[PDB]
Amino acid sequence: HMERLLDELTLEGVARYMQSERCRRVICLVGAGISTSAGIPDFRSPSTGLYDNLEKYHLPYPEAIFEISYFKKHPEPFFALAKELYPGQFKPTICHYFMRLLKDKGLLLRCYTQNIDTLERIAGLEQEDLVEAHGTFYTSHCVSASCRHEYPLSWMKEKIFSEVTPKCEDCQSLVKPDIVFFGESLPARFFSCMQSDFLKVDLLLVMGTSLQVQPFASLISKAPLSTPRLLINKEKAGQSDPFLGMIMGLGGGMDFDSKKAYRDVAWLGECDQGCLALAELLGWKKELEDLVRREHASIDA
């Protein structure tokens, strides 16, 4: 028995599902695409993404800048980049406030984000609503596993803006913000929330991510088989033919287009515009626009 929960594979089909009694608990899965309209670059957009804009650091490959083994050999490019990107003041987007609407309508079980920009918090989601799957810059740690001395943000900021490579005062090993680099463990909260959240999710809303890194990309496969999954993104993601070096596990992807497609919908365009379009369908558009307006003005005050 496969439960067929969407009456059609469109944004309109999803919206009707959301209004029904059957849709109680939504998980948002989000990445750097939801913050681009605020001024923050993403990673893997050709030419505009951060990984196509690190020429000056002379890295062996772009991912090295956020990679734990490279970092330990050559910490300077990371701290140089942090000094550049940290100052930027950004505001949440329409997409972030849409998630606030879910929260305030009793629909948000959790937002899992791969971003460190904190814009989900700034938009009004609370700690408990959030899994910051790829860490936070708020706290820092010595990288030495036998030490792990914790340091606060003021300590880290002071080091970066004094152009001093932060070192632990106990063991002299490098210190870094708790943002998750390639090769580094995810916060424990990720796994503990995931195990219970994904048993009871009625809709996955996947926004502004290419699903190109594990274990985050595995989350789509943790949902029950009947749970509809809506992608709002510039491009399809999670749907590709298998090949050697593919990121997802075999049969772990999205199925928007095949003869067997039953539950996955791709809305192709900007996240803000897709969130506006979906809010319109749900009768929430004015409320959303009102909230954005009010919260931006308040942020300026």
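If you superpose the two forms and keep the largest set of C-alpha atoms that fall within 1.5 Å, you have the rigid core. Counting begins at 1, following the sequence as shown.
Chemist: So if we fit everything on the core, which stretch drifts more in 9 other deposited structures of this protein, 62 to 70 or 32 to 40, C-alphas only?
Modeler: Farther from the shown form on average in 9 other deposited structures of this protein: 62 to 70.
Chemist: Core-aligned, which moves more in 9 other deposited structures of this protein: 102 to 110 or 79 to 87, by CA RMS?
Modeler: Once the cores are fitted, 79 to 87 deviates more in 9 other deposited structures of this protein.
Chemist: Please determine whether residue 249 lacks coordinates in at least a third of the other PDB entries of this protein that model its flanking residues.
Modeler: Comparison shows residue 249 dropped in at least a third of the other entries.
Chemist: Would 114 to 122 or 73 to 81 have the larger average of its C-alpha temperature factors, as given in the entry?
Modeler: Per the PDB entry, the higher value belongs to 73 to 81.
Chemist: As stated in the PDB record, which stretch has the larger average Cα B-factor, 177 to 185 or 163 to 171?
Modeler: Higher mean C-alpha B-factor: 163 to 171.
Chemist: Compare the CA B factors listed in the entry for 135, 224, 215, 152 and report the winner.
Modeler: Top of the list by C-alpha B-factor: 152.
Chemist: So if I compare the CA B-factors in the entry for 86, 190, 97, 198, which one is the largest?
Modeler: Across 86, 190, 97, 198, the entry lists the biggest C-alpha B-factor for 86.
Chemist: Relative to the other modelled residues in the chain, which third contains the C-alpha temperature factor of residue 101: lowest, middle or highest?
Modeler: For residue 101, whose C-alpha B-factor we compare with every modelled residue in the chain, the answer is the middle third.
Chemist: Divide the modelled residues of the chain into thirds by Cα B-factor and specify which third, lowest, middle or highest, holds residue 286.
Modeler: Ranked within chain, residue 286 CA B lands in the highest tercile.
Chemist: Select lowest, middle or highest to describe the third in which the CA B-factor of residue 235 falls within its chain in this entry.
Modeler: Answer is highest: the recorded C-alpha B-factor places it there.
Chemist: Lowest, middle or highest third of the chain for the C-alpha temperature factor of residue 54?
Modeler: It falls in the top third of the chain.
Chemist: So where's residue 60 on the chain's Cα temperature factor ranking, which third?
Modeler: CA B-factor rank for residue 60: highest third.
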